[PDB]
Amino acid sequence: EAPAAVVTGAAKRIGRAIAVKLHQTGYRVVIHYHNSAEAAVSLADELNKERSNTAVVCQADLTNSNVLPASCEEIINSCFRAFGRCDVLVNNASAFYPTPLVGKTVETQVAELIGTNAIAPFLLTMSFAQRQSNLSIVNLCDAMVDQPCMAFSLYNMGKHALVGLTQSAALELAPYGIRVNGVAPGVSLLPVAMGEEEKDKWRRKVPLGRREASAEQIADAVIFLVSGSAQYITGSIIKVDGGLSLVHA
C-alpha cells in the first residue's frame, strides 16, 4: 500500500522538514538520528499521532569505521522490517566544520567528514539497491561545491565525492529502475555555532529575497524528485540557493 522512506539526520532542521513533508505525501518514514534522540522520538510521536505506525526511529553513528557497513545495512533493514518495503532513501546527515591545511585527530576528521558526507551515503545506497515502484535516492549536496569556504577542504572533498556518487549510482542503478538525484542548498537554516549578524552577512549575498532557504524550501525540491513528476529525472542536482552560486567575489 503506502510507500516507505529512510531519511538520515532526520531529527532536526532540513532532515526533519524532509521527513515531515514525505509523511504529508503518504510515506511511512524511518527517522535516522545520531545524538538527537529526544527530537527524533518526538518527531516519530507527532507523525504517528497523525497516522498510526507510519514512523520509526533508528539510531546509528555515520562516522566511517569497520562497523559503518553494518550500521548502514541496519538502517535499510529497519525500513523493510517496520514497513515491508523501501522506496526512498534521503542522504541528508552531514558533519560540517573547518579542517585547515596549515579538536580531533586528522583521522577522526576524515572519518566524520568523509564518513557521513560520502561513505555512509555510498553504503546506504548499496544496501538500498541490494534489497531491491517509484524507487529513488536523493542526496543532500552543496550549491557552493565549486567555490569552497576557506579551510573546509575535507568537508568540500566529501561533498564533491557525493556528487560523484549521485552521478555513478544514477548510471549503474538506472537498469534497476532506481533514480538517483541531489538537492543542493546554498544558504539554508544556519548553524547555531555562529553569531546572529554573521547570519545577516550571508542573507545579504543571496540575490533572491536576501534571505536563507527555509528547510521546507529544500524539502520541496526533495518531494519533487521522489514524485511521479520526476520519473525521467536521474543524475540531476537541483540547486536551491536563490542564485547565490552565481555571485562572483
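Rigid core here is just the name for the largest C-alpha set that superposes within 1.5 Å across the two forms. From 1 onward, residues are counted along the sequence shown.
Next item on the list: Name the stretch, 208-216 or 48-56, whose C-alpha atoms sit farther from the shown form on average in 8 other deposited structures of this protein, taking the rigid core as the superposition reference.
Entry: Farther on average in 8 other deposited structures of this protein: 208-216.
Check: When the other PDB entries of this protein are compared, is residue 98 left blank in at least a third of them?
Finding: Residue status for residue 98: no gap in any other entry.
Check: What number of deposited residues lacks coordinates in the span between residue 132 and residue 133: none, 1 to 3, 4 to 9, or 10 or more?
Finding: Gap between residue 132 and residue 133: 4 to 9 unmodelled residues.
Note to self: I need to verify one thing: averaged over C-alpha atoms only, is the B-factor higher for 185-193 or for 36-44?
What the structure shows: 185-193 has the higher mean C-alpha B-factor.
Note to self: Tell me which stretch has the larger mean Cα B-factor in this entry, 145-153 or 114-122.
What the structure shows: Taking the mean B-factor of the alpha carbons in each, 145-153 is higher.
Next item on the list: Name the residue from 208, 215, 180, 68 with the greatest C-alpha temperature factor listed in the entry.
Entry: Of the options given, 208 has the highest CA B-factor in the PDB entry.
Margin query: In terms of recorded Cα temperature factor, pick the maximum from 94, 105, 168, 99.
Written below: Comparing C-alpha B-factors across 94, 105, 168, 99, the maximum falls on 105.
Checklist line | Chain third (lowest, middle, highest) by recorded CA B-factor, residue given as residue 13 | finding: CA B-factor rank for residue 13: middle third.
Notebook entry, point to check: How does residue 175 rank on Cα B-factor within its chain, lowest, middle or highest third?
Noted result: Within its chain, residue 175 is a highest-third residue by C-alpha B-factor, going by the deposited values.
Notebook entry, point to check: Compared with the other modelled residues in the chain, in which third is the CA B-factor of residue 224?
Noted result: Bottom third by C-alpha B-factor.
Notebook entry, point to check: Comparing residue 77 with the other modelled residues of its chain, is its CA B-factor in the lowest, middle or highest third?
Noted result: Residue 77: CA B-factor falls in the highest third of its chain.
Next item on the list: Taking the chain's C-alpha temperature factors as the reference, tell me which third residue 247 falls into: lowest, middle or highest.
Entry: Middle third of the chain for residue 247's C-alpha B-factor.
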